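Per chain, numbering begins at 1; letters A, B, ... match sequence-line order.
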Amino acid sequence: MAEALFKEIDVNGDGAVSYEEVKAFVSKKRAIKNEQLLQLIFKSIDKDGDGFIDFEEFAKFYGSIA
Amino acid sequence: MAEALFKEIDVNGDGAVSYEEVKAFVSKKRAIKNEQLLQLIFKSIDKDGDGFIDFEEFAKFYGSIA
Amino acid sequence: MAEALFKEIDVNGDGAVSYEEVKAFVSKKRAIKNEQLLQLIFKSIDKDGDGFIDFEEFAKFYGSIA
Amino acid sequence: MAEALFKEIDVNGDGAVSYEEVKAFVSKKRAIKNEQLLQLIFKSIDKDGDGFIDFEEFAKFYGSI
Amino acid sequence: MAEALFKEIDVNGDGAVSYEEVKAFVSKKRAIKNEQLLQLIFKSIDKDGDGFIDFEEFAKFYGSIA
Amino acid sequence: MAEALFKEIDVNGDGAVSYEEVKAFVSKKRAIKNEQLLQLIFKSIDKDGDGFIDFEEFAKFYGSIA
Ligand SMILES: [Ca+2]
Ligand SMILES: [Ca+2]
Ligand SMILES: [Ca+2]
Ligand SMILES: [Ca+2]
Ligand SMILES: [Ca+2]
Ligand SMILES: [Ca+2]
Ligand SMILES: [Ca+2]
Ligand SMILES: [Ca+2]
Ligand SMILES: [Ca+2]
Ligand SMILES: [Ca+2]
Ligand SMILES: [Ca+2]
Ligand SMILES: [Ca+2]
Ligand SMILES: [Ca+2]
């Protein structure tokens, strides 16, 4: 929704989005999306869900990128 | 023109472009392009040209993309 | 192979790949690839192999973009 | 909003987002973005707003970029 | 070292890799990688494995990306 | 140079660059730039300049990046 996005970009809440706030916001979103993708990928490799990739989980991932 | 393009990369003026000067140039050019693009987008949203994006301007922009 | 790669990624040598480890490795590898490509490009201009592009080399390159 | 977003990827209105609709939505969204950008760029070069870039306009623009 | 990859690129078996063979290979590999990634994302959201994202599954996804 | 560029973009030769012309050109130039880069890489691997990569050239390249 238009209103919430505005409030999030407007960090100093003065009701004017500056160029610097736009730039910060775009960088922040890009960072968040890249971190989300990497976690999604990690969780896909970590079959047994324990937070680590063992050598057998790894080996399976690696043969399968084909 | 040839000299001018070389001089732009050769930031310490020694008449030779080092590998670090190439890397720095490739970064600077990419950063300039991204600034230019972002500034252009910004200016397109900033309908009254006052250097800031107000909620009204922001709603008009959000609405006309999706 | 998978083995060597697992070892490379497992920087702390504890036999497990952590998410922090995956992040480090992805950043490392991205950086290496960029550096390889920029080196390959630089080497193709640096015709005498001395580690600098001189103006003559530059003009041979600027001259040839066809 | 999750419904708004869902209802948009779900092109055929069957309440199910297929893999093909994901792939199409991703492509569509990429296309629209690029077109919008190219529109802005063009407009920025076409100072007099006549719908064409003349060599005078192209020359200015070739200045900065 | 490199033999399997060279043979995979060298599609006509002449013991040479041509520019067109390299190009066809790079495109082929890029197409498969983009497919594997998008499939991975899809599958992570399709929790019941039925090949569709239903509204519950999607809301869990979109909610989970904050 | 600029006029050479402008004339190249002005496909219909009417002295004006249209929006359709700009679109046509961006796709063209994108394609050209991607070919040019792949070409530069290829040429760097093809040490003997016969226009083909033989196995000993390929192995050398592969080793250099491994
Ligand atoms: Ca503000
Ligand atoms: Ca695990
Ligand atoms: Ca220098
Ligand atoms: Ca304004
Ligand atoms: Ca104002
Ligand atoms: Ca470890
Ligand atoms: Ca040199
Ligand atoms: Ca559907
Ligand atoms: Ca004009
Ligand atoms: Ca061949
Ligand atoms: Ca499902
Ligand atoms: Ca024309
Ligand atoms: Ca050769």
Checklist entry - Is the CE atom of B:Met1 crowded by more than 12 outside heavy atoms at less than 6.0 Å? => result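 At most 12 heavy atoms, drawn from other residues, nucleotides or ligands, come within 6.0 Å of this atom.
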Next on the checklist: Would you say that more than 12 heavy atoms from the other residues, nucleotides or ligands in this model lie under 6.0 Å from the CD of A:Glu3, or not?
Outcome noted: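 Atom CD in A:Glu3 is packed in, count exceeds 12.
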Determine whether [X] and [Y] make a side-chain contact, defined as any pair of heavy atoms from C-beta on separated by less than 4.5 Å.
X       : Y       : answer
C:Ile9  : A:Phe58 : yes
C:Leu38 : C:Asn34 : no
A:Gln39 : A:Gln36 : no
E:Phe42 : D:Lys23 : no
C:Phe61 : C:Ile41 : no

Atom [atom1] in [X], atom [atom2] in [Y]: separation rounded to 0.5 Å?
X       : Y       : atom1 : atom2 : result
F:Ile32 : F:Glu35 : CD1   : CD    : 9.0 Å
F:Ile65 : C:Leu37 : CD1   : CG    : 11.0 Å
A:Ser18 : A:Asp10 : OG    : CG    : 8.0 Å

How close do [X] and [Y] get, counting heavy atoms only, and between which atoms?
X       : Y       : answer
D:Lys29 : B:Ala66 : NZ-CB, 3.9 Å
E:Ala2  : F:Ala59 : CB-CA, 4.1 Å
F:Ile53 : F:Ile45 : CD1-CG2, 3.5 Å

Checklist entry - Under 30°, 30 to 60°, or over 60°: which ring-plane class applies to A:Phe6 and B:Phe55, parallel, tilted or perpendicular? => result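 Perpendicular, since the angle between the ring planes exceeds 60°.
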Checklist entry - Is the shortest side-chain N to carboxylate O distance from E:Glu21 to E:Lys28 below 4.0 Å? => result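 E:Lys28 and E:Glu21: not salt-bridged.
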Checklist entry - With sequence neighbours left out, which residue pairs that include part of residues 42-66 of chain E fulfil the side-chain hydrogen bond (donor to acceptor under 3.5 Å, both in side chains) condition? => result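 side-chain hydrogen bond (donor to acceptor under 3.5 Å, both in side chains) check on residues 42-66 of chain E returns no pairs.
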Checklist entry - Is E:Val11 reachable from E:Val17 through a run of hydrophobic residues whose side-chain heavy atoms are each under 4.5 Å from the next? => result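 No, E:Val17 and E:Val11 fall in different hydrophobic clusters.
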Checklist entry - Can you name the residues that form a ring pair (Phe, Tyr, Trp, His ring centres under 6.0 Å) with B:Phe52, not counting sequence neighbours? => result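 Ring pair (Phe, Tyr, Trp, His ring centres under 6.0 Å) check on B:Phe52 returns nothing, list empty.
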